[PDB]
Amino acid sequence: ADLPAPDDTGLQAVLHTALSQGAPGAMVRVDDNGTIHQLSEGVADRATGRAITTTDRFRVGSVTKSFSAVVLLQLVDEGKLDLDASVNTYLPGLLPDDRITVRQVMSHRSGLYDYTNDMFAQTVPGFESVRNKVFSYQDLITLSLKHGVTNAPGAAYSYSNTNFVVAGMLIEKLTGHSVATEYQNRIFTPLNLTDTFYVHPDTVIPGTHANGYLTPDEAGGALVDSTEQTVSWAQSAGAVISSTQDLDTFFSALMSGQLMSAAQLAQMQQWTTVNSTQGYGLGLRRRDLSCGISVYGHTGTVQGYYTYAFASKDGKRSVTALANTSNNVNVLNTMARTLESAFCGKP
């Protein structure tokens, strides 16, 4: 159908509120069927004072899961992967249970324990512990495997980064290439995403970027600059770098059917219930807005960056919002409101 007009005054209010709650800077870009809405408030670097802008590059965190899912779904289109085959069929001896399938891994129904629960029990100390470390995919899987599974295979939704570390391992095993090459050839290049990179384990963000500021667990604590890290603890689960325009392009292309067959795009949208207003398909989230429309995309949290990248069912309207802080739930909940303003419009 047709959407209400985006509410720029509402978006402006959301950004201003995020700043009052602790975000150094916040921005949002809406690509509304060819008409751009772009707003930003605050600083990209709180020490030097440089203002944040919608062209600043940033770490997308978990949104990386959708890029991984797209590559895997293309491998299904090519006949190289079967979603219902066991993970152990492709990676022998990896998982303790042969019944855990690729589909379950992609929709977070595998029961694999999330190793980040151990890594980041304490926010800043955990970040300091892993920021300069380089892990192999096996290293992370092993960390997960020290714990038992949380549920029977396919039995329930339980978000776990381990699932997309397994995804990265699958892509590399099946294609014989690194995940960086696969993202480049299958997505970045075709869509011409010039602000999008996967540089793991490099710690530098190429070009003009917003710095990320990690909020400490203790109320009132000083912010920690968490911009430069290897993100090796996430890799195919969260190390992509992009911009508001590139993520809008990517989700619009995805929902309009340009990245895989119609059959695989329907598979990706087979929703597993997360809560009363959300669903998870295969590396894709569905959020149900107040005005009765659902949007599709992914959220991302990586140290110092909160990202919301969602598009309408047909991809005609896409929105990417970013606040350069993390471990601040107020900012997190506030930033979600950009979706309401951008898609539902003025109240």
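Don't overthink the numbering: it's just position in the shown sequence, from 1.
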(message) Can you tell me whether 163-171 has a higher mean C-alpha B factor than 215-223 in this record, or the other way round?
(response) 215-223
(request) Check the entry's C-alpha temperature factors for 260-268 and 231-239, then say which stretch has the higher mean. (result) 260-268
(request) Using the entry's values, work out which of 33, 64, 53, 307 has the largest Cα B factor. (result) 33
(message) In terms of recorded Cα temperature factor, pick the maximum from 48, 318, 299, 68.
(response) 48
(message) Could you place residue 177 in the lowest, middle or highest third of its chain by Cα temperature factor, using the values in the record?
(response) highest
(request) Would you mind ranking residue 7 by its C-alpha B-factor against the rest of the chain and naming the third, lowest, middle or highest? (result) lowest
(request) Among all modelled residues of this chain, ranked by Cα B factor, put residue 108 in the bottom, middle or top third, i.e. lowest, middle or highest. (result) middle
(request) Can you work out whether the C-alpha temperature factor of residue 283 puts it in the lowest, middle or highest third of the chain? (result) lowest
(request) Rank-wise, by C-alpha B-factor, drop residue 26 into the lowest, middle or highest third of its chain. (result) middle
